[PDB]
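Heads up, the chain below is alone and in the form solved without the ligand; it's given as structure tokens.
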């Protein structure tokens, strides 16, 4: 006897596609690679309990290609399988609310993802891909499994791999609307004179080399092409935040002078991030763990500051 069930296939979990499947054949033989809420069911034959359920598939016809691109804003052929593989793990993580924010209980080297997620909830940022819009909304509400899996897929990191917070933020910023953001810098060399530069989008909100927004406004020393040392300072800034980053170093964080920051303890090959947020006092969120202090010193690698419009007085 021939036995079938009805299931739906999807690439975006919104647009469904009716299918009839043969219970004597695997999903793989019928759809190609197939997933059920992250689980790889490619080598599995249909079960009775599968009737009416939704399965993710790869974009193997033009309708799915268009639906996948519109939702994710990527055409990397291994994206969906990387997203499903991550999701099968992130759906098992825990997402406690810590001081009003969605955090992540430590697992699988995910400390960099927790600090990133905590940071996002403290800065003004809108994502462009619908997939990230929808999953970030759920994450803010507490159900961050899809959002975390998407970050991993977009950053090309697997669960368990050690991640860098600045790189992760660069990827997310690439998929956000920062088109309004503008930065003007000036560089002064005693032998070469001056040169001004204007930066836009992601490059207007990120800086690598110093943690201090004030020192960026006063000036910082960088090499020049003659061998001289030149000074770079911030001429104009238009953005709702800025991110200052540097190799980890002992640094003092003062209440009320920054929004939030990342601390990294360890070495190049492995280590651990924690998150510091400046509220009524200084809170350190380490996954599910929370402590407080009136002052803070530690190896800081990123600091986030509020902004709207700044213009220098330097002449």
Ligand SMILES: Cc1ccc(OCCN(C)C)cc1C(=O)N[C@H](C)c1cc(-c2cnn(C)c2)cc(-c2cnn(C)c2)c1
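Positions refer to the first chain, counted from 1.
Only in words, not in the display: the form solved in complex with the ligand, which the text now covers.
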Next on the checklist: Would you classify residue 163 as touching the ligand in the deposited bound form, given a 4.5 Å non-hydrogen atom cut-off?
Outcome noted: yes
Item to check | 4.5 angstroms heavy atom contact with the ligand in the deposited bound form for residue 267 | outcome: yes
Item to check | Proximity of residue 38 to the ligand in the deposited bound form, heavy atoms at 4.5 Å | outcome: no
Checklist entry - Would residue 141 sit within 4.5 Å of the ligand in the deposited bound form, counting heavy atoms only? => result no
Item to check | Candidate from 179, 214, 167, 124 lying within 4.5 Å of the ligand in the deposited bound form - any heavy atom | outcome: 167
Next on the checklist: Given the stretches 141-149, 92-100, 116-124, 241-249, which is the single one in contact with the ligand in the deposited bound form, using a heavy atom cutoff of 4.5 Å?
Outcome noted: 241-249
